[PDB]
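Chains as they are written, first to last, in the entry's author numbering: chain I, 25 to 82; chain M, 0 to 25, 34 to 287; chain L, 0 to 26, 35 to 291; chain O, 0 to 24, 34 to 289; chain J, 191 to 258; chain H, 191 to 258; chain E, 1 to 154.
Note that CB positions come from ideal geometry on N, CA and C, so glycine has one too.
Some notes on the structure that comes next.
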């Protein structure tokens with residue numbers, strides 16, 4: 025029975041480490057997502073201005 | 000090698016020559040070239056680790072660009088100036104962020120306005136040790152996000168607002184927000200498991216207002232959410248009510264310590280518990 | 000400032016100016040400015056908390072774009088008006104959404120049409136509580152998603168529509184949908200573990216038509232999927248079938264109460280169990 | 000609503016219009041014809057027809073090809089292949105191969121690799137040709153590796169190794185498994201899973217002979233110590249010790265004991281059966 | 191005797207603590223994943239709008255310059 | 191024995207099986223999430239390329255057309 | 001009187017709370033009147049009004065037993081309307097009350113003179129309205145107990 029508890033302890037420790045790694049990497053993921061979200065708005069605004077200017081010139 | 004001497008020298012030379020160029024203009036290409044050189048000098052100064060000069064150059068470029076019909080470029084330059092000024096003096100960052108928020112809201116979009124409001128609230132809380140203006144900014148951001156059906160960010164902002172209101176002894180708003188958020192999260196396949204926690208927080212607020220009010224709120228919550236009847240928070244609050252109903256402080260302390268042993272209490276929970284204990 | 004009266008007055012004056020300007024022009036070049044000023048008025052109304060006025064302005068802008076040779080801008084105005092009217096006028100929002108869906112499906116794009124169909128079904132279910140139209144819209148969205156090689160969204164739509172059909176006593180549709188989704192999860196490495204759940208649901212549906220069919224379906228699932236045997240759901244189903252055979256309602260009640268004690272059950276599970284309970288109680 | 004009949008009638012009308020317009024042939037006429045073909049294909053897809061839509065997409069692709077336009081033809085061909093995914097696998101494969109040939113001209117490796125992966129999926133899900141699937145997966149793996157995409161260049165290698173092991177080419181499977189395990193052990197995130205690969209490699213070595221399995225297990229243990237304190241290695245040692253004296257009872261008892269705690273998939277049971285039937289004799 | 195009793199009494203609380211920590215981590219994970227999914231949906235909408243406008247603008251300018 | 195040993199054994203076995211399932215789930219989570227991360231990293235570079243290209247193109251074309 | 005909305009409040013003083021009479025502002029009503037407080041469409045409880053200084057007009061102060069019996073929370077809206085008694089039938093000739101210990105600290109085995117206390121009850125709340133199911137506190141010599149109304153006889 026003691027060996028059983030040892031096995032559960034080891035397994036739960038491993039699971040906790042895996043969860044910790046997932047949390048940190050996902051924090052990085054979210055930072056990247058925020059960066060791309062910031063960029064796309066400027067993309068769209070500049071494109072809209074250029075399209076309106078080109079249409080007006082013609 | 001990244002010595003700042005050459006970077007600073009080049010930046011000041013560029014600034015001086017651009018000032019000379021713009022000054023001569025008493034047709035509009037001069038303003039455009041001046042703004043370009045201003046942006047380049049600001050970037051060079053930022054590379055030189057001097058943030059005040061970079062922010063000043065950014066602000067001057069923003070003003071010059073706004074002098075023309077183009078306005079979104081001014082907003083971009085102003086937000087960059089605020090980011091640069093976040094180090095030395097937050098007041099100028101707040102002013103330029105407010106101006107950028109005004110321009111962006113005038114344009115029509117609001118999500119970026121909400122993000123800038125969140126940034127301003129964070130700056131207020133971190134630097135100016137002020138909570139009321141932070142509360143107002145969080146409320147405005149939450150309203151803006153809810154206007155676009157952005158439930159998660161609005162819920163987080165409302166959570167922060169309710170927490171800060173509770174810190175300031177404004178229990179009614181805190182309980183209202185906590186109840187609303189708990190009810191909203193009860194009907195989700197992922198957030199459901201957290202619906203208990205919020206309720207507990209609200210319940211604690213009731214204890215500050217009165218005892219029988221807290222008991223009735225607990226009964227209402229348990230009836231509304233039967234699964235709340237097995238969580239540790241309900242048992243702790245039942246034990247605290249039992250101890251507090253007969254002027255028993257010893258049992259109160261033993262229950263508090265027993266619960267805290269399993270899980271460490273945060274500043275908010277421990278402060279509220281100390282207040283409740285001091286009540287009687 | 001934050002004063003609502005001033006913003007409302009400014010928006011109303013701007014809308015009146017735009018209306019008189021468009022009326023004067025009616026007496035191509037000025038229609039673009041009319042559309043821009045209408046959009047600005049709609050934005051001001053939205054920020055003035057007058058959702059109805061903003062939706063009306065968006066609809067007028069959409070019409071002014073429709074009369075011109077432009078479709079995408081008209082559809083964008085349609086969706087803006089629908090979202091604005093979601094809070095106040097559900098029917099006008101539904102009309103705007105369906106017109107925009109028609110526009111997209113005419114252009115060719117499909118996924119956005121599926122998302123808007125799901126939104127229409129959601130509003131129908133949450134406000135007008137009309138099950139049939141929500142079911143039809145979910146079926147259309149699932150078909151669109153499957154046609155685009157999207158399986159997860161199609162699977163979720165199929166699950167929702169099957170659950171709604173089961174709630175409406177149409178057991179065969181739910182049974183077939185659950186079996187299909189169970190097989191789909193069966194042939195995957197990730198969802199494999201959850202694959203049991205769907206099968207269990209199917210079993211319950213069979214118990215609603217006949218108990219012999221329930222046994223046959225349970226045996227078919229067992230032979231097809233050996234891992235379903237060790238799961239507690241199979242043991243519960245077998246014990247319930249045995250109790251139904253012996254007509255001992257007490258054993259069924261005790262087993263169900265114990266299963267509820269170990270873990271809670273959703274409304275669907277309890278209502279189906281109650282239906283089975285009354286069906287068996289009729290026998291005794 | 001309108002039923003497939005009206006949609007088919009409209010699509011046929013559009014097709015006839017495009018055919019007549021191309022008949023009297034110039035840039036405007038061909039552009040209108042290709043646009044009408046695209047509209048007819050979209051309507052056919054709406055009408056649930058999956059054969060006419062593919063033909064219309066192919067016709068549009070050919071019309072674009074004859075004109076000085078390349079990526080439009082590739083898009084039309086991939087759309088035709090997607091439409092043919094449920095109509096005729098051969099036509100979809102041909103269209104996807106043409107799209108890959110067009111794409112790889114300009115150096116767009118990722119799209120070609122994805123198309124090759126889809127082609128291998130077609131070849132392995134319905135058709136029973138595993139050599140072509142292995143070749144396509146190897147091509148996709150090479151394409152992904154050429155762009156330093158080691159993370160996305162490992163799944164294909166694992167699939168190829170598994171299929172090669174299923175095809176008795178144990179040397180290639182062992183090499184791929186060992187390479188993948190060596191690459192993974194360095195990564196702390198993927199370290200936990202690396203054990204499995206090594207275990208599989210051990211099995212592949214056991215399929216040949218017992219001494220090879222013993223030496224390979226010793227080499228893995230010395231190279232990577234944690235593999236020695238895992239249940240799979242315990243099973244490997246027990247099986248190696250038991251088989252030496254021709255005792256099938258111990259072999260089957262250990263296999264059942266391992267299966268009890270955790271179930272084994274088709275590949276593992278097949279390999280165990282092969283090993284028992286081959287070496288236990 | 192009491193050695194095994196204390197060992198059994200000391201090998202149970204740690205599991206509870208680890209499990210509770212895992213629970214909290216998983217809950218936070220779920221919330222942030224929902225937020226990220228919403229963000230990605232907005233991302234997709236913006237990208238679709240941008241590409242559609244690109245097609246429209248390029249076609250319009252090409253035809254205009256062709257006709258002069 | 192009686193309830194004692196049967197409870198011990200049954201609960202221990204069930205807990206072990208569940209924990210193994212959680213371990214496998216977490217491994218698969220990590221693999222797929224790493225794939226998603228590299229996918230987003232791939233997005234980023236092309237996003238930057240597109241923004242730079244569009245900015246330069248619009249500036250140059252506007253200047254050229256205005257001067258002519 | 002007419003059923004106007006007001007608010008529940010805490011008792012101003014311990015003596016008034018122990019009087020078992022709801023405290024009301026002197027500007028609203030006079031002592032001796034009866035009001036049937038209406039909380040829900042199917043929840044109406046009779047109470048008597050006593051006037052005490054302080055207490056903002058427009059609110060009624062209740063003690064812990066009354067709030068527990070009627071389940072009122074501070075700040076909750078409540079409707080109060082005057083109640084008129086029918087002497088021909090509502091006159092109370094006898095009542096049945098269950099008595100229990102209020103605090104477990106003060107438990108003792110001393111004999112209790114049941115009759116001696118009876119007169120005191122009459123001396124305490126004579127001419128005061130009582131309803132079936134009303135829970136109240138009772139003050140014996142250096143003793144606090146809880147009383148619950150179970151039956152009423154004319």
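Minimum Cβ-Cβ distance from residue i to chain H less than 8 Å
i	result
residue 272/O	no
residue 55/I	no
Test: residue i CB closer than 8 Å to a CB of chain M
i	result
residue 155/E	Not covered by the structure: residue 155/E. The range shown for chain E is 1 to 154.
residue 73/E	yes
residue 51/I	no
Three-state secondary structure assigned by DSSP to residue i
i	result
residue 176/O	coil
residue 37/L	helix
residue 33/E	coil
residue 5/L	helix
residue 24/E	strand
residue 81/O	helix
residue 154/M	helix
residue 117/E	helix
residue 136/O	coil
Short CB-CB distance (under 8 Å) between residue i and chain I
i	result
residue 151/O	no
residue 79/M	yes
residue 127/M	no
Contact with chain J by residue i, beta-carbon distance below 8 Å
i	result
residue 69/I	no
residue 198/M	yes
Residue environment, residue i, which counts as buried when at least 16 other CB atoms sit within 10 Å
i	result
residue 87/O	buried
residue 229/H	exposed
residue 258/J	exposed
residue 204/H	exposed
residue 67/M	buried
residue 194/J	exposed
residue 211/M	buried
residue 2/E	exposed
residue 244/O	buried
residue 235/J	exposed
Supposed close pair residue i, residue j - CB separation, criterion 8 Å
i	j	result
residue 181/L	residue 142/L	That pair is no contact at about 11 Å.
residue 46/L	residue 52/L	With a Cβ gap of about 11 Å, residue 46/L and residue 52/L do not count as contacting.
residue 48/L	residue 17/L	6 Å
residue 73/M	residue 89/M	Not quite, the Cβ-Cβ distance comes to about 15 Å (not below 8 Å), so this is no contact.
residue 262/L	residue 247/L	7 Å
8 Å Cβ cutoff, residue i in contact with chain O
i	result
residue 189/L	no
residue 38/I	yes
Chain L within 8 Å of residue i, Cβ atoms only
i	result
residue 90/O	yes
residue 234/M	yes
residue 63/O	no
residue 115/M	yes
- Query: Of all the alpha helix (DSSP H) runs that stay within the bounds of the stretch 97 to 133 of chain O, which reach a length of 4 or more residues?
  - Reply: 97 to 113 and 117 to 133
- Mind pulling the beta strand (DSSP E) runs of 3 or more residues that sit fully within the stretch 184 to 213 of chain M? none
- In chain order, which continuous runs of the alpha helix (DSSP H) of length 4 or greater are located wholly inside the stretch 230 to 270 of chain M? As far as the stretch 230 to 270 of chain M is concerned, its whole alpha helix (DSSP H) runs of at least 4 residues are 239 to 251 and 257 to 269.
- Message: As an exercise, report each continuous beta strand (DSSP E) stretch of at least 3 residues that is fully enclosed by the stretch 48 to 90 of chain E, in chain order.
- Response: 59 to 62 and 77 to 82
- Could you tell me which uninterrupted beta strand (DSSP E) segments, each at least 3 residues in length, are contained entirely in the stretch 213 to 252 of chain J, listed from first to last along the chain? Those beta strand (DSSP E) runs which fall completely within the stretch 213 to 252 of chain J and span 3+ residues do not exist here.
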